[PDB]
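Two forms, one chain: they're shown below as structure tokens, one block per form, named structure 1 and structure 2.
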Structure 1
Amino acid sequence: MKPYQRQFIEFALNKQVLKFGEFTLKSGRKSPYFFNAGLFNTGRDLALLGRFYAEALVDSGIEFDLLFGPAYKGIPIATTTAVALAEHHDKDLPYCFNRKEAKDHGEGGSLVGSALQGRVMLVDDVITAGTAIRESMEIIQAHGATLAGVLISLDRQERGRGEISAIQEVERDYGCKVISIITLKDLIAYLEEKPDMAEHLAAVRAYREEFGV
């Protein structure tokens, strides 16, 4: 597992974005850990998150022409990732986001920033159901842009209602790739190193057993 990976977990933990306990997922599953990015709500968190996002992008080697932050949660994300790319990776890219706004019987469309033009890299925190981007791929697909990939923080890698993960469905219905900073797998790997976290280890190990993909 990579260096920026390990630091990621550490920061997540630290800001208590990662928690070990007993949490009920949206799906209704009882889960032994949770990840709430909602809790990265500070200047420096923001600074730190963008730097991790950029790394991951960069380490992917995927080609893309622009960042696109969705709904609401993706804007500070796209925004921070975009500054991160240019201050540290010397990559200067265009950004863009949509107005959720739909004030008149129909949907939205409306965008802020650069033009939905080219290979678009989607950017979000987490994908639980994989439905929110399905909204957001439609916009891309309308403007005639193409999808490069999606980048999130965590791939939980557990089945959905079927036998594949929500992520595999998105990758599968969208013919794109989903990149992430960390997976379940790294989580474990990490917990393996921390002798006095064996109780969490065990529980996360067991969950991956009953539900992991």
Structure 2
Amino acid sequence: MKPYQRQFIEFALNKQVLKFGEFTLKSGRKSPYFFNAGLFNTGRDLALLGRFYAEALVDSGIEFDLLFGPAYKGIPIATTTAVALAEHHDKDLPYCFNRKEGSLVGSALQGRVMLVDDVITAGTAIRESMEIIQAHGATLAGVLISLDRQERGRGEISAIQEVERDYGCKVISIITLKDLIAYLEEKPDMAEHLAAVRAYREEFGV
């Protein structure tokens, strides 16, 4: 784990973004933990979050012509990421997002799209976004999320490998479940939660 990843983890934890309980994921999976990016709830949180995303984007070297954020979590995420790119990297990118109701807000959806979202579990959201992206004649160059939960997709291979294989894109993340776990191994009163996570990973992990 690099220093910036440790910083991101501590940032997320200081904001109670990582929750433990009986959750039912978008994919229907019953998870013992949930990463809620909606909890980066103040302007300072949003600002820093965008800085993390922009840094990852520029460091990746992936070429893209537009930033797309799927509703709803992707909306504030794409907005602050777009702002960070312009303010700190001198990169002025057209941005776009959809209505969850398709109907789009922002620039025209064209070119090589960089989709930014909070997490990737089974790859459902990415698949839903692609319906919209392909409907506008655009392509998918990459996907960047805060947390790669490192779970399988619709089959046996990881959700990431499936997405990369299906759309010929590159998926990158700020941190992975592994990084999060390594960090938590250092903290007290986490044993039970970590055990629960492992039990879960034995079933959907890859």
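The first residue in the sequence of structure 1 is number 1, and each one after it adds one. If you superpose the two forms and keep the largest set of C-alpha atoms that fall within 1.5 Å, you have the rigid core.
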Q) Quick one: core overlaid, is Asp186 moving 2 Å or more at the Cα between structure 1 and structure 2? A) yes
Q | Rigid core superposition, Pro32 Cα moves 2 angstroms or more between structure 1 and structure 2 | A | yes
Q) Does superposing the core leave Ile62 with a CA shift of 2 Å or more between structure 1 and structure 2? A) no
Q) What is the magnitude, in angstrom, of the C-alpha shift at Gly160 between structure 1 and structure 2 when the rigid core serves as the superposition reference? A) 5.3
**Q.** Rigid-core-superposed Cα shift at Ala71 between structure 1 and structure 2, Å
**A.** 1.4
**Q.** Inter-form CA displacement between structure 1 and structure 2 at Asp173 - rigid core frame, Å
**A.** 2.7
